[PDB]
Amino acid sequence: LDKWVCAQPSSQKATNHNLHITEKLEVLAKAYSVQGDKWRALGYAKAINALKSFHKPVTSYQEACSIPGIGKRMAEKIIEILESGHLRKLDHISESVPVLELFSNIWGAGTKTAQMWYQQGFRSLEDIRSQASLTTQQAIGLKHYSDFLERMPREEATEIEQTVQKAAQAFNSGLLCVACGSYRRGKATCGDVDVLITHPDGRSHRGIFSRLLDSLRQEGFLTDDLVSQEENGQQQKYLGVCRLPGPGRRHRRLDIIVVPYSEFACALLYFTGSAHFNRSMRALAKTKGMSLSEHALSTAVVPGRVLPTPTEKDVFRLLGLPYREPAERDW
DNA sequence: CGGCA
DNA sequence: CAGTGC
DNA sequence: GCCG
DNA sequence: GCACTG
Ligand SMILES: O=c1ccn([C@H]2C[C@H](O)[C@@H](COP(=O)(O)NP(=O)(O)OP(=O)(O)O)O2)c(=O)[nH]1
Ligand SMILES: [Ca+2]
Ligand SMILES: [Cl-]
Ligand SMILES: [Cl-]
Ligand SMILES: [Mg+2]
Ligand code: NA
Ligand code: NA
Ligand code: NA
């Protein structure tokens, strides 16, 4: 269990005894990430979380290797940093990385698009604005480039959640609306607001997206849509942009998901995160012959069985994990 | 060797 | 499908 | 990158 | 691990 972050409280990271290592490794991890070397970047990310939660400063190659998530190669970098105070590789990162990071911070442009723009000679957002062929999503991402990189005070996230909740409950007073993500995990600032909507009668969540989005558009609250499949009535998620009324307001990202009550615990667990907490818990489930999604915890396919999970605690229990409140899932 | 949700 | 983001 |  | 685009 020591090897699974989802089995451990994330508060272990608040006492990082190895910051002089992790701040350097994070530079490299991001360099691999924006260049598209996603699995190497994942290994770095996991190693950083292992170093952040370790109980003491690492001081030997043997100690480092013993830590789950640190191997020979990562141990060698750790030993370099301690002796020399520096990591030579940081002076030999691809010169494209700063521009790739600039470009992949456009919403809807990932590593493949950023690398293509770089190959085509683009180096600035002015080059993108004037010369690139943007998708509809990427054009919205660029228009809101700075605002999507800002985090909002959690008090503003509360206002946004309440705006959604009031619009929803206006046409069905029984709808339950909960802000998840970093808000539910108790963070002081939030990159966006992630709102989960359900109805305890098990049926009246159906079809609400059309009414809800139209309502939020009527009041001018929604300003742009990034993902919203409104054509066939099977919509599960909305990703877009909102802005509260009055002066001094920024455009803020807003995510909504609507789920049947029978899936509430698994949807709440997914949407609360964190992302690395979810990936850890889902990996653990696989080792136990199970599969965990926002819909269900289910046994391996043959057509698996859906396990009964009325509450988040039941998912933890079925995976043999001690329960963690949302604030302790911040991996 | 291959997954890594 | 590949690419993208939650 | 690391893991089984 | 899933739901989106085009
Ligand atoms: O890769 C991901 C990203 C998110 N998620 C889940 C967990 C996350 O907490 C939730 C909302 O995604 P956000 O991108 O909104 N992240 P979060 O709310 O944790 O942080 P932020 O403050 O940046 O929005 O979706 C994943 O499972 N995998
Ligand atoms: Ca979100
Ligand atoms: Cl590099
Ligand atoms: Cl619950
Ligand atoms: Mg969020
Ligand atoms: Na190790
Ligand atoms: Na992007
Ligand atoms: Na974010």
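For the numbers below, each heavy atom of this structure counts, side chains included, while hydrogens, waters and symmetry mates do not. Chain identifiers are assigned alphabetically (A, B, ...) following the order of the sequence lines, protein sequences preceding nucleic acid strands; residue numbering begins at 1 within each chain.
- Using a 4.0 Å heavy-atom criterion, one finds that A:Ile257 contacts no nucleic acid atom at all.
- Looking at every heavy atom in both residues, A:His199 comes nearest to A:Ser204 through CD2-CB, 3.6 Å.
- Between B:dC4 and A:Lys286, a contact under 4.0 Å exists linking OP1 or OP2 to a side-chain N or O.
- Spacing between atom NZ of A:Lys38 and atom P of D:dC2 amounts to 19 Å, rounded to whole angstrom units.
- Among the protein residues, A:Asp255 comes within range of the sugar-phosphate backbone only, with heavy atoms under 4.0 Å from sugar or phosphate atoms but none that close to a base.
- Side chain of A:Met74, nearest nucleotide from C:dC6, E:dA3, D:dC2: D:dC2.
- Regarding contacts with the backbone of B:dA5, every side-chain N or O of A:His276 stays at 4.0 angstrom or more from both OP1 and OP2.
- At least one side-chain nitrogen or oxygen of A:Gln236 sits closer than 4.0 Å to the OP1 or OP2 atom of E:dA3.
- Not one side-chain nitrogen or oxygen of A:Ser280 sits closer than 4.0 Å to the OP1 or OP2 atom of B:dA5.
- For A:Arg282 and B:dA5, the shortest distance from a side-chain N or O to OP1 or OP2 is not below 4.0 Å.
- A donor-acceptor contact under 3.5 Å is not formed by the side chain of A:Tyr270 with the base of E:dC2.
- Contact check, A:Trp107 against C:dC6: a side-chain N or O comes under 4.0 Å of OP1 or OP2.
- The environment of CD in A:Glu126 is crowded: more than 12 heavy-atom neighbours from other residues, nucleotides or ligands sit within 6.0 Å.
- In this structure, A:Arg253 reaches the C:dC6 phosphate: one of its side-chain N or O atoms is under 4.0 Å from OP1 or OP2.
- For the pair A:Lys77 and D:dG1, the criterion of a side-chain N or O lying under 4.0 Å from OP1 or OP2 is met.
- Contact between A:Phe103 and A:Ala109 at its shortest, heavy atoms only, is O-CB, 3.8 Å.
- Note on A:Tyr32: a side-chain N or O is less than 4.0 Å away from OP1 or OP2 of D:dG1.
- Rounded to whole Å, atom P of E:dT5 lies 18 Å from atom CG of A:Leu134.
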